[PDB]
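One structure is given below, encoded as structure tokens.
4 protein chains.
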Amino acid sequence: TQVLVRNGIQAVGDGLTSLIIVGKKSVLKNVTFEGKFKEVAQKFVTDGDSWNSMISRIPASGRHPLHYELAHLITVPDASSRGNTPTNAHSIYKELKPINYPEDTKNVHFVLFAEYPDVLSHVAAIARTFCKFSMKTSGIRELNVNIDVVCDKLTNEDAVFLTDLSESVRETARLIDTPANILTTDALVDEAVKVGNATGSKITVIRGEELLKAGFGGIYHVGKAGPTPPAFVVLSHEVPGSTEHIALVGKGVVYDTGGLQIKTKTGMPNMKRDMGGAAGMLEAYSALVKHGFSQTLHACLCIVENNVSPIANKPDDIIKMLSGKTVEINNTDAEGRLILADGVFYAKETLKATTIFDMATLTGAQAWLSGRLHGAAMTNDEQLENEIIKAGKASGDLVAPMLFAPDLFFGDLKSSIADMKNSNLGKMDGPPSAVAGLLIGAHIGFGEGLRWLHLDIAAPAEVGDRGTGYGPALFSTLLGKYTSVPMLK
Amino acid sequence: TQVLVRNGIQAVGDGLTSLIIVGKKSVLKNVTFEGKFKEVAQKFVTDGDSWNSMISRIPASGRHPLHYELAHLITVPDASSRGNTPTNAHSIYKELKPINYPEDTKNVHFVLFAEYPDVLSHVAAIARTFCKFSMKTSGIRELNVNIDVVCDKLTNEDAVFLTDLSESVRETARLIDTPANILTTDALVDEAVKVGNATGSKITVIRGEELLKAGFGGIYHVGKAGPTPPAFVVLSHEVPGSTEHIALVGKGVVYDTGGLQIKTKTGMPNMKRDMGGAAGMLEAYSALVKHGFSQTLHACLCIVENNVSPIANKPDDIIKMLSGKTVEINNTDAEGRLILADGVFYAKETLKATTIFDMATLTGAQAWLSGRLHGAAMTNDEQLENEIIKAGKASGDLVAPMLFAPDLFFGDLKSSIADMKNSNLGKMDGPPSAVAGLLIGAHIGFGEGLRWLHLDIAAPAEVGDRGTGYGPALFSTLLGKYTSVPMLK
Amino acid sequence: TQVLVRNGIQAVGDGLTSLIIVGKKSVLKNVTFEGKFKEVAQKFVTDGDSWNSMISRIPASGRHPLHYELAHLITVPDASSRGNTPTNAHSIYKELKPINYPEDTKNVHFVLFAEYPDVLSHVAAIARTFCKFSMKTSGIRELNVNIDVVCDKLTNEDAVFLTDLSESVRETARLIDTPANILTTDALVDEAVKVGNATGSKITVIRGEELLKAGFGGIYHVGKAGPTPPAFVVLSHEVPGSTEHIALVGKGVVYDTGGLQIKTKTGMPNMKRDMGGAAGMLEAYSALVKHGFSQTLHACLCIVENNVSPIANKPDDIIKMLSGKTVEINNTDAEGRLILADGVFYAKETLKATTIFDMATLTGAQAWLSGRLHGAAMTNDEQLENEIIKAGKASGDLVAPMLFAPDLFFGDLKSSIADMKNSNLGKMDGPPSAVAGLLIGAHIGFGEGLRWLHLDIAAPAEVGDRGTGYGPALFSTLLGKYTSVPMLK
Amino acid sequence: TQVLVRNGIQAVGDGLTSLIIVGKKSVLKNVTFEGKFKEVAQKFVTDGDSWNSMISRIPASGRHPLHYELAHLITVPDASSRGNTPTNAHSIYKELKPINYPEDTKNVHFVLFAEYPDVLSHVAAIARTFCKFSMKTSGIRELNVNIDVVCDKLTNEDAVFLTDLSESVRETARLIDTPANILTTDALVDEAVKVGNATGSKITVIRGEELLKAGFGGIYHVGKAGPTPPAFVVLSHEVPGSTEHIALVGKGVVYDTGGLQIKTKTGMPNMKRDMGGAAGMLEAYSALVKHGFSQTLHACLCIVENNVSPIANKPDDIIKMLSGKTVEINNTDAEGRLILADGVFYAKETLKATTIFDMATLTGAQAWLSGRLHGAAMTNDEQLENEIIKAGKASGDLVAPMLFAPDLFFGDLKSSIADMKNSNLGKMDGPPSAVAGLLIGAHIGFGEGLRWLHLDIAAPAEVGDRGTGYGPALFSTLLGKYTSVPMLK
Ligand code: NA
Ligand code: NA
Ligand code: NA
Ligand code: NA
Ligand SMILES: [Zn+2]
Ligand SMILES: [Zn+2]
Ligand SMILES: [Zn+2]
Ligand SMILES: [Zn+2]
Ligand SMILES: [Zn+2]
Ligand SMILES: [Zn+2]
Ligand SMILES: [Zn+2]
Ligand SMILES: [Zn+2]
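These protein sequences, in sequence, are chains A, B, C and D.
The numbering of the first sequence is the authors' numbering, which starts it at 2 and goes up by one.
The numbering of the second sequence is the authors' numbering, which starts it at 2 and goes up by one.
The numbering of the third sequence is the authors' numbering, which starts it at 2 and goes up by one.
The numbering of the fourth sequence is the authors' numbering, which starts it at 2 and goes up by one.
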């Protein structure tokens, strides 16, 4: 299925077409049934009066069928709470995700009535519902999707970016939804390398025993009992003289069995999704680099499978991390933070990055801190904290803050015999999601001298049985000021 | 220990002899203490009056010693409920299984007073108590067992069949009781091939990577993490021009650790017994083919070990089955149904079987449906359902019906990304044992156009620490009309 | 909200009307867009061609909107499995239950195109979706519902019965949905007495200490720690000279905390629904007696609350039942079977009933035997077993059989010091749901000399957060031959 | 034991004296061993050189003995993270709480070298270590404690306030530490009434059946199964013409067994502490009103015991709250939010409060959001959120923000039959601690038109086996601008 975003209502192809109209109630109230909109809608809506009559009756928000199978109106609420995004983009996903198109549909046509500040989140929300991945052996249909944005200020360059963002969103979700017997560490390295090639990146791949020899103890020791070997992949977009040097470090655990401290019968399904951080960072990097990204930018992907054999990590094991510090592993399922400790140290030490983001499906505890729609951000930099929350609101990839207090909470990871433990299996003073992030930061002085932000996306990376494609929209809005894209600037 | 069934009371060898007399109360009441019976019993019972006095006193059923160590009378109840077998054959097993014979016993002599409809189940029940398998390093004794049936209608050919049935029962139980460090997949293939040779079968063995290449995704992917490789074994008894074409498909999981969704500390012991279906089908095939079986008959054994390594099945994995359909594995311990989906498809597609039975120690849930004495049968064919229940009653291998409703229950296995999941780990609309069977049937249109019967024997395949040898008696009575055996015809 | 069933399409009141059309695909294919149907549907469907075009496109089954908010077509599948009802009535409930009507809807008009054998189950399925009970403090709307049945053979008397059946269904569900702080034992006694008065019944109420004095040890000892006292209520419809004498005994546990063997935090919610058996028997009795029921009929309601105090049942307690037999209570949460043992003994001994039905939300184990749509029936009478399965199919209140084997399974309830225990907390030979029923039957010789049927409806009595109103439709079809209703005769 | 705070080092009584010196490293480095300090310290520290030598050697923070039993120096760190308080007051508690004084100690003398912004938190931290409550039958000693603050800017009025704050802190902790067989609902009403009398408050007590009659369904129904009756206590400090009208609503669950959804064997100990919110609000009110509080102020205490009997709340029960809204109780252990829903509605409706704080030991989930040192604040007012975080830093009673999103999260409490449920026992979209607060706010439109702040203090209210006395310091700093106290103004 192909998704194209266009600036203004235009005709779609020949072939059976499903029509979905999307807007906030206040915007829809002001839409005139005339012109190109009338041309598109009058198959399903009789005339202007019937249009106006319907808009009068329908509530503050919801989904209303305009035909027995081919057409829908989605009303987005106007009101929002301060913890929400004022775009209410999640409401589009909620109403749209259930919709199925008749078997012989060729085209899906969206007419999106969105004000300029809403366009990006609304487009992304629609894109997320076009799930690339299926292994069904019948019934597979490819559709031609046009998202036609009705918004004065939108440029043609904006529409290119939104098409690329839609792709980055759907790619992130595809990578997440693919089972790990197919998306192995090798396959995810190959996926990253494809983006590396497309973006003209400098590509570094350190794999298997090369990781051990190079001192990547976290990445190596976590992944050594996988069926295919661990890897660290760097895509670098180097801009001579750039003022910023930004790293996007992603957790790429292609499957997490928990390791020898194994997950339960009901805990282990869904664990193909434990690489959602790496997928989201990779696809964010792709969207940004496609649009004239003016600063130096690196994607650093820590790609392992956490599995069970006599050579696997065992609780009590002490390993030496890339940083040179020792970690006592008391929880083999707290493996993401080990691999990210190496990725973030590499970004600081080797890449000389001065802004380091890491994003990970890190903890089940994250949902108890920020719920299922907000990623949980922990940073040494207060201004960056405010800025990423603002970016979450503008993108629809919501972000809530975690407490940053290494002085109060790092003692939760005290070890008698190593520099630290990787987890605490009892009562601790910190929120567990914060403590998990502090294990990562402990290998770069908790961000001292630079800006470091850890983002835990375990719950917002998925809804139901599907990846959401979280990450590309967030980082496009956060770092989009360094692109050529008018709506990001 | 050797077991011979004879038509009428006869002398036994020289050597210390244990005597066990068995009968329903009403039959025993009519036995005259004279003739050959008196000859055998008067070591232990004084005369006719003392015999009659005892029969008067003893209750409606039980076991009564006739000597301090050498002799017993077992009284079988006459009454039975409609859900039971009117043979009450389980009562013989209950009373007999505890009996031990003195160390220096050479012979065990049974005098079985049974009416013609009871003989087969009663003989089988006695046979089950002679457990072949032991690895004790002292105390091992081999006995000469004669089961002398006192029944007017019995023929000498019947006695040959009953001896063969006794062997098939004891062989099934031996295979079940043998620990899996000895009965590996390789060893069970060898056992099936021995029966293949003895029966003059056409033998097909597809093993290891040959399964993968041939498209047996269920059998291969389940067994790939075993210490010895997966196999599919077919023994074919082809009868040109036969009207029926019958397949006996058996679950041969030589050990089930549960896989990466591992069984618990108390759940995993006994899991050598997870090949009881394959053993019972193999030994049923053997008993039938020994007696002039007039229709085309196949034994199809799916032989795997379900174990734990980095290459094992993981929940989320999607595989392609022999049928070409995809299955999302969300439960690595729901492995029997995966391997049987291939076996049943093979029987339909390759063997052209038009009656397909599969029998398996499939689910713990089975005991909550049919209890511990009845196998649970699910079939698309109502007449076959009645016929197998009738066969259960006549054989003593009891069978109770499951609901057959793919329309109501198959939705329990819905998958977003594959054709189906293999299990449901939450609330479901179907009985879990039925849903387990429907996963198998989903790969042959739930039996459309043919007769398909799935039989879950998890609990009735064992009592205490011992296999019961369930299966040969059931299928001998069910399919015995196609043999030369008078009592089956 | 009022529900009226009419014989043929007729006009509805003034006021905003929602229209729902219901039929099997094959029936809908043959409907002509003319006459009264056209009059009703042409608000929403343009003309005959558009009607025919739509019917061509829509799949084998589902729900299709005919308007943005006011109208729906529900297509019922034609095909069904042998374990299902050929009415497919559950499909109506599945598609209809989600539908919401706009706030200002006055009328809901159903046009039901059903063949004669489908009408009763289809009407009941629609009725179940009109939930009487709500304590919402805004948004409450009462609707005028007309179910217009288009069926040649239907009589006006049939339509009266179907209206009464709809009421009995909705009343059963109302009683179930009402929280137990409102529907106390006292309140449920009052509800039964209201039906007693309306039906001109002879009414007996034995309450509190009168139960103890009268020897109702099961009912008394279970309910003695409730906040309001235990009761046994009998409504009798005595027909001099009748050939049959039928008792409907219902489990009326208004709330089940489990007792001192208390339910878990997640196990205890929903336990207001533990009186669903009593509600269903009461409302079945009501529907039958309204229609000239020609045999002697009794409703016997065992009404208790199972709660926690120093005077409550404790495991180890031994009580004397109405039967005079002693029961060792080893499970205070196996309380339904204790109260029903008294109700069934009373029906036999005092009422002289020769057909005794008991219906109960008895066991969580029931779903593992018969799933969530089928009640599980255990009876001493094979013909009655077949007849109730047939009644389940005709009514849509599905029934599946349990094994009846007191000889094999009653030993699961062996006690060293009382006549029996009420449960087995370990491994047992019977299906647990069957063993639960056998505790009841043990107090009437397992039905010896009469017909006894126990029906466990724990799961089919509810879907989601709502009672289904199971029971009235089943018993109307089972016992409707004794009424004046043409469609039941 | 009596605690007096003084402005400057002064002599203490006759009698054996323990000396504890407290300061940040940077402050201690600048202290001259002369004058009054030398007079006090030279018992334990030889002279200036030995003083300076020691200060040079000791690390950045810790505790160092100055005598074998009588004396200690506590060094407080200078550095702090942004999530911490820059006072580092918790470090004082950590080092001091372990200290024991010899049996015959009469006096404890603190010399506190603190800069003006640190004084309040440091004093409070010392006060918390003087635990009032003990029922030991030997070894009980009362001490005379003088905390001598060495700080230029401190006034004599400040020292009065700090003495009162010390008392409020120790009183809160005493109430918390007292077992509930002593601190019953009656006893806690009496405690509140004592403060009511001392402060010249208008006192309202609504108790037992008066709560039911007055419509306090939350307070009444939660507490009705306690051994002593539920109560609602209001202390009002009414200031004619005041611009603000502030309510402090506290959760006073004197013991929480969990109710019929009972707590576990290891979950139930410590549940005397479930009234920590009410204690902290009461003692905050006391400290503020003692110091010329210029605005209208109310303490509203919801005082219940949540226990187990046949009349207790049961999950499924639906009650009507003071607000008139209905709540379906699906979790009897989610009882604090029910009682607070009434308290907050009362504060809005009856008291006309326009700033409403509620504070509660509400959820175990709170520690997963904000950890064990920070209360978790959820408010409709962003400025108030910032202001209370600032107050947490200045007081040492730390506060972290929760997400405020009723639009996103209130759907977690959806009910089919009541206006809402009180909890969600499965997966929810919100942080569970936020959802718990939203149940409270749902009864006042989530704060619409006013300022509402909910503060969950479950973990920060205690360390080890002792109440911390959290709350008085926080509200003194938050609302101290309305007092006459120079250091608060
Ligand atoms: Na298809
Ligand atoms: Na020996
Ligand atoms: Na309303
Ligand atoms: Na002492
Ligand atoms: Zn993990
Ligand atoms: Zn992980
Ligand atoms: Zn298994
Ligand atoms: Zn298995
Ligand atoms: Zn119960
Ligand atoms: Zn019950
Ligand atoms: Zn509680
Ligand atoms: Zn509480």
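C-beta atoms are modelled at their ideal positions from N, C-alpha and C, and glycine is treated no differently.
Could you check if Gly372(C) belongs to the surroundings of ligand 1, using beta carbon to heavy atom distance under 6 Å? Translated into positions along the third sequence, residue 372(C) becomes position 371. No, Cβ of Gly372(C) sits at least 6 Å from all heavy atoms of ligand 1.
Could you give the residue range of the alpha helix (DSSP H) that holds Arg7(C)? As a first step, residue 7(C) must be located in the third sequence, where it is residue number 6. In the DSSP assignment, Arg7(C) falls outside any alpha helix (DSSP H) and within the unbroken beta strand (DSSP E) covering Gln3 to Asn8.
With a threshold of 6 Å on Cβ separation, who are the neighbours of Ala313(D) within its own chain once the five nearest residues in sequence on each side are excluded? Here the question's residue 313(D) lines up with position 312 in the fourth sequence. Cβ neighbours of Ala313(D) beyond the five flanking positions: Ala226, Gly260 and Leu261.
Extent of the continuous beta strand (DSSP E) to which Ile21(A) belongs: Here the question's residue 21(A) lines up with position 20 in the first sequence. Where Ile21(A) is concerned, the enclosing beta strand (DSSP E) stretches over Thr18 to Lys25.
Thinking just about the alpha-carbon of each residue, which of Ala285(B), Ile319(B) and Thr18(B) is nearest to the one in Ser169(B)? Here residue 169(B) is taken as the residue at index 168 of the second sequence, counted from 1. Considering only alpha carbons, the answer is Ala285(B).
Assign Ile418(B) to one of two classes, buried (16 or more other C-beta atoms within 10 Å of its C-beta) or exposed (fewer than that). Sequence index remark: in the second sequence, residue 418(B) carries index 417 (1-based). Buried, since its Cβ has 16 or more Cβ neighbours within 10 Å.
Kindly indicate if chain C contains any beta-carbon less than 7 Å away from that of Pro66(A). Within the first sequence, numbered from 1, the residue matching residue 66(A) stands at position 65. Yes - at least one Cβ of chain C is within 7 Å of the one on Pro66(A).
Among residues of its own chain, excluding the 5 on either side of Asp79(D), which ones have a beta-carbon nearer than 6 Å to its beta-carbon? What you label residue 79(D) is simply residue 78 of the fourth sequence in a count that begins at 1. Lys25, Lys26 and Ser27, listed in sequence order.
Distance between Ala406(B) and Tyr256(D) (C-alpha atoms, nearest Å): The count along the fourth sequence starts at 1 and reaches residue 256(D) at position 255. The count along the second sequence starts at 1 and reaches residue 406(B) at position 405. As the crow flies, the alpha-carbon of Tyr256(D) is around 52 Å from that of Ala406(B).
Between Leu20(C) and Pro487(C), what straight-line distance do the alpha-carbon atoms span, to the nearest angstrom? In the third sequence, residue 20(C) corresponds to position 19, counting from 1. In the third sequence, residue 487(C) corresponds to position 486, counting from 1. The alpha-carbon atoms of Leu20(C) and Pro487(C) are separated by roughly 28 Å.
Just curious, the beta strand (DSSP E) that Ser237(C) is in, first and last residue? Looking up residue 237(C) in the third sequence gives position 236. The continuous beta strand (DSSP E) containing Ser237(C) extends over residues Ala232 to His238.
For ligand 8, enumerate in chain order all residues having a CB closer than 6 Å to any of its heavy atoms. Going by the Cβ distance cut-off, the answer is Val254(B), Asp257(B), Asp275(B), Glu336(B) and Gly337(B).
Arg274(B): buried (16+ other C-beta within 10 angstroms of its C-beta) or exposed? In the second sequence, residue 274(B) corresponds to position 273, counting from 1. Counting Cβ neighbours within 10 Å, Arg274(B) comes out buried, since at least 16 surround it.
For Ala335(B), collect the residues of the same chain with a Cβ closer than 8 Å to its Cβ; drop the 5 residues on either side in sequence, then sort them by chain order. Walking along the second sequence from the start, residue 335(B) turns up at place 334. Excluding residues up to 5 positions away in sequence, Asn423, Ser424, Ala437 and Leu440 lie with their Cβ nearer than 8 Å to the Cβ of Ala335(B) in the same chain.
Nearest chain C C-beta to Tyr286(A) closer than 7 Å, yes or no? Numbered from its first residue, the first sequence carries residue 286(A) at position 285. Taking Cβ atoms only, chain C never reaches closer than 7 Å to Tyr286(A), which makes this a no.
Is it buried or exposed for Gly242(D), if we count other Cβ within 10 angstroms and need 16 for buried? Position 241 of the fourth sequence, counted from the first residue, corresponds to residue 242(D). Answer is exposed; the Cβ neighbour count stays below 16.
Any beta carbon of chain B sitting closer than 7 Å to that of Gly84(C)? In the third sequence, the residue the question calls residue 84(C) occupies position 83. For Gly84(C), the answer is yes, since a Cβ of chain B falls inside 7 Å of its Cβ.
Complete runs of the beta strand (DSSP E) confined to the region 191-215 of chain B [at least 3 residues]: You should have 203-208.
Could you check whether the Cβ of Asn307(B) sits closer than 7 Å to any Cβ belonging to chain A? In the second sequence, residue 307(B) corresponds to position 306, counting from 1. Between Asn307(B) and chain A, the shortest Cβ-Cβ separation is not below 7 Å.
Work out the CA separation of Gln11(D) and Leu29(D) for me, nearest whole Å. Here residue 29(D) refers to the residue found at position 28 when the fourth sequence is read from its first residue. Here residue 11(D) refers to the residue found at position 10 when the fourth sequence is read from its first residue. Distance between the alpha carbons of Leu29(D) and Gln11(D): 19 Å.
Would the beta-carbon of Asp334(C) be found less than 6 Å away from any heavy atom of ligand 9? Reading the third sequence from its first residue, position 333 is the one you call residue 334(C). Ligand 9 has a heavy atom closer than 6 Å to the beta-carbon of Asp334(C).
Under 7 Å between C-beta atoms, does residue 497(C) make it to chain A? Summary: the structure shown does not reach residue 497(C), with chain C confined to residues 2 through 490, and so no result is reported for it.
Within 6 Å: the Cβ of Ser310(C) and any heavy atom of ligand 4? The residue labelled residue 310(C) in the question sits at position 309 within the third sequence. Not so, every heavy atom of ligand 4 lies at least 6 Å from the Cβ.
With 7 Å as the threshold, decide whether the Cβ of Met55(A) is near any Cβ in chain C. If you number the first sequence from 1, residue 55(A) lands on position 54. Chain C contact via Cβ: present.
Should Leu323(D) be flagged as near chain C, meaning a C-beta pair shorter than 7 Å? Counted from its first residue, the fourth sequence places residue 323(D) at position 322. So no, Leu323(D) is outside the interface.
Alpha carbon to alpha carbon, how far is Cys132(A) from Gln367(D)? On the first sequence, residue 132(A) is found 131 positions in, with the first residue counted as 1. On the fourth sequence, residue 367(D) is found 366 positions in, with the first residue counted as 1. Straight-line measurement puts the Cα of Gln367(D) at about 36 Å from the Cα of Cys132(A).
Starting from the N-terminal side, write out each stretch of the beta strand (DSSP E) that is 3 residues or longer and does not extend beyond the region 365-416 of chain C. Complete beta strand (DSSP E) runs here, min 3: 376-380 and 400-402.
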